[PDB]
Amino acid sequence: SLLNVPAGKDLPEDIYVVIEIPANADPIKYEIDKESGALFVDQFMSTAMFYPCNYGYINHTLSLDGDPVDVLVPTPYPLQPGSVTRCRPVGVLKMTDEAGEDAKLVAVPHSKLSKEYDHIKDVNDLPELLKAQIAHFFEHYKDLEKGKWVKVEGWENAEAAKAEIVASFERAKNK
């Protein structure tokens, strides 16, 4: 099941991302249940917003929010919920929400799957519009959810994203 997918072929540069929410999708937040491996509805979002990229996580990791570290994966067409994509990290949006520190990695499809994102080497290669739209999304999607909130710290580079991947794999390994 999805519970058995590796974190990656060669962390932190070569990772697998389990997708929970497609790009260009309806405003439903899904989460994989750690017990059954099934996709559960987590929230019907109350704002008229949508996840700006495909969204999911790296298996066998843990952020301080108590869930696997989160990943945004840009693709040319939306991915299937519950599918897995091999990717390469290029940057990270550092942020906190009500559940704890809650970084959002950005990882692009690995070169073996497509040449499209090979030119994206680091965070400055991502489009400025996309990065601004992502930060705005996280800043506002919980605006009508009482007791839920976000504080964005800012964008950091690929080396920072890789360090976040390492830290989150260690946290899961260790407790």
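So that there is no doubt, residue numbering starts at 1 and follows the sequence shown.
- Between 109-117 and 34-42, name whichever shows the higher mean Cα B factor according to the PDB entry. Of 34-42 and 109-117, the stretch with the higher C-alpha B-factor average is 34-42.
- Where do the C-alpha atoms have the higher mean temperature factor in this entry, in 43-51 or in 121-129? Between 121-129 and 43-51, it is 121-129 that shows the higher mean C-alpha B-factor.
- Task: Could you tell me which third, lowest, middle or highest, the C-alpha B-factor of residue 139 occupies within its chain?
- Result: Middle third.
- Query: Of the three thirds of its chain by CA temperature factor, lowest, middle or highest, which one includes residue 154?
  - Reply: Its C-alpha B-factor, which the entry lists for residue 154, ranks in the highest third among residues of this chain.
- Message: Lowest, middle or highest third: which one holds residue 14 when the chain's residues are ordered by CA B-factor from the entry?
- Response: Answer is middle: the recorded C-alpha B-factor places it there.
- Message: Per the entry's values, where does residue 64 land by CA temperature factor relative to the rest of its chain, in the lowest, middle or highest third?
- Response: It belongs to the highest third of the chain when residues are ordered by C-alpha B-factor.
- Looking at the C-alpha B-factor of residue 27, is it in the lowest, middle or highest third of its chain? Its C-alpha B-factor belongs to the middle third of this chain's values.
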